[PDB]
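*Asks:* Enclosed are the sequence and the experimentally obtained structure.
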Amino acid sequence: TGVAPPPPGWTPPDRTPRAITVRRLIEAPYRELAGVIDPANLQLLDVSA
Amino acid sequence: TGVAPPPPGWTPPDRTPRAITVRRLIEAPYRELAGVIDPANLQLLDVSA
Amino acid sequence: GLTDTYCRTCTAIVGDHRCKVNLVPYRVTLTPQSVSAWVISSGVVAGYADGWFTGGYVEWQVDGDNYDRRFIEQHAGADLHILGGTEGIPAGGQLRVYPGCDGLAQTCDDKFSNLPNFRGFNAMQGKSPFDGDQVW
Amino acid sequence: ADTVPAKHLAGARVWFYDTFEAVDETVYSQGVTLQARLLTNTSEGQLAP
Amino acid sequence: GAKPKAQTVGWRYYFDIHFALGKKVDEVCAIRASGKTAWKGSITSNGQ
Amino acid sequence: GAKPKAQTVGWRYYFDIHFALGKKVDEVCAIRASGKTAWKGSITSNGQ
């Protein structure tokens, strides 16, 4: 025959999770602890926390 | 013609949010704070809270 | 044999066994004033509001105890529009004319006060399912 | 609680606030004046402020 | 802080629906929804 | 501890879809979804 069938079918999405390329680790400063931890528990926190 | 078509169709609900007419503001007494706040944080609360 | 529909109109012939409305009080006996090819005119009906006789039928005696009947397309003033032409209608014979019911609940009750027997469903539900997509 | 009986003329509004109140967790000192509004919420959306 | 005084986990929906089962019927026996027998019995006259 | 700094209660989904309504059309009046009028108007020329 002359005519040919083209490829496109369902075109499944490519999820196939990849590893994260951009990232970073940090230490939480006193600002977030003050804003997220109640005073009663915060005051008992030692300086080395 | 003689016959006429009556109105009723889908009769959509009328949501169209309205402003609240009845309301009030209050100050929480010590009862709810005692019943909703743990003792450790409650004891540190100043009298002016 | 369905003969059943969930619509807003009456879905019943005025005077049928379902309407249970007696048309004998509404019977009007008259002698037509003038008869034309398509319109029969009489002054007595001129005293009724426009459309009062719309949907009614005209019955007159042909021979013995048998009557031939015709319809009324529309009633306007003193002129009556007969369905299919006025052929066969005697020019001086006695004619009996009955009114017609539009079928609306307002029409059914105000004119005939037959609302309890109203077979129509005006505002019970038009679309509302209990297995739709979003109630709101 | 911390209340005493008082005359209430006919038409006074009674609120059963227990378990039916909206509370702002932020702590405010005494003597501060606030301005607040209540916006209704429906399946069609939120009321325009 | 602490746990909220109350939590809105879900809502209860109430609807009033009027429906017709067709022409005249003699007796209604039971109602089944989602494969569960909600109500079983018998009524032969207009009532609740 | 205490309440999380933020909570992920739900997600917003975005999709770009291309579709055809058939042969040539003159005017598009409104779009209705789930019984709610999302958009009503009129456009007679290619545009946004």
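*Replies:* Cool, got the structure. Numbering: from 1, shown residues only, chains lettered A, B, ... in the order given.
*Asks:* Next up, phi/psi of residue C:74, please.
*Replies:* phi -160, psi 150 (degrees, to the nearest 10).
*Asks:* I'd like to know how far it sits from chain F.
*Replies:* Residue C:74 sits at a distance of 35 Å from chain F (criterion: CB to the nearest CB, to the nearest Å). Where C-beta positions appear, they are placed from N, C-alpha and C, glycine not excepted.
*Asks:* Skipping its backbone neighbours, what lies nearest that residue in space?
*Replies:* residue C:81 (4.8 Å; CB to CB, 6 or more residues apart in numbering or on different chains).
*Asks:* and the helix or strand harbouring the one you found, C-alpha only, in CSV?
*Replies:* Element membership of residue C:81, judged by DSSP states H and E, is strand C:79-82. The C-alpha coordinates for strand C:79-82 follow below in CSV (Å, rounded to 0.1, in the frame of the first residue of the first chain):
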residue,chain,number,x,y,z
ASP,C,79,-66.0,36.4,15.1
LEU,C,80,-65.3,32.7,15.5
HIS,C,81,-62.7,30.9,13.5
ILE,C,82,-63.9,27.3,12.7
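*Asks:* Quick check: neighbours of that strand in the sheet, parallel or antiparallel?
*Replies:* Paired strands of strand C:79-82, with direction, are strand C:39-41 (antiparallel), strand C:66-76 (antiparallel) (DSSP bridges).
*Asks:* Columns mean neighbour count on top of those strands, output as JSON lines?
*Replies:* Converted to JSON lines, the strands paired with strand C:79-82 look like this (neighbours: other CB atoms under 10 Å in any protein chain shown):
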{"stretch": "strand C:39-41", "mean neighbour count": "18"}
{"stretch": "strand C:66-76", "mean neighbour count": "15"}
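*Asks:* what's the closest of the ones you listed to residue A:23?
*Replies:* strand C:66-76 (83.0 Å; CB to CB).
*Asks:* Can you report how many residues neighbour the residue of chain E found nearest chain A?
*Replies:* Per CB to the nearest CB, residue E:1 is where chain E lies closest to chain A, at 6.6 Å. If you count neighbours by other CB atoms under 10 Å in any protein chain shown, residue E:1 ends up with 12.
*Asks:* give me every residue that touches it.
*Replies:* A:38, B:37, B:41, D:25, F:2, F:3 (CB atoms under 8 Å, 6 or more residues apart in numbering or on different chains).
*Asks:* in the sheet, who's paired with residue C:80?
*Replies:* residue C:40, residue C:75.
*Asks:* doesn't residue C:59 make contact with residue C:96?
*Replies:* Yes - between residue C:96 and residue C:59 there is a contact under CB atoms under 8 Å: 4.9 Å.
*Asks:* Mind listing the shared neighbours of the two?
*Replies:* residue C:67.
*Asks:* one step back: any chance of the contacts of residue E:1 in a markdown table, plus neighbour count and secondary structure?
*Replies:* Output for these, formatted as a markdown table (neighbours: other CB atoms under 10 Å in any protein chain shown; DSSP: H, G, I helix; E, B strand; the rest coil):
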| residue | neighbour count | secondary structure |
| --- | --- | --- |
| A:38 | 17 | coil |
| B:37 | 17 | coil |
| B:41 | 17 | helix |
| D:25 | 8 | coil |
| F:2 | 14 | coil |
| F:3 | 13 | coil |
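*Asks:* Noted, bye for now.
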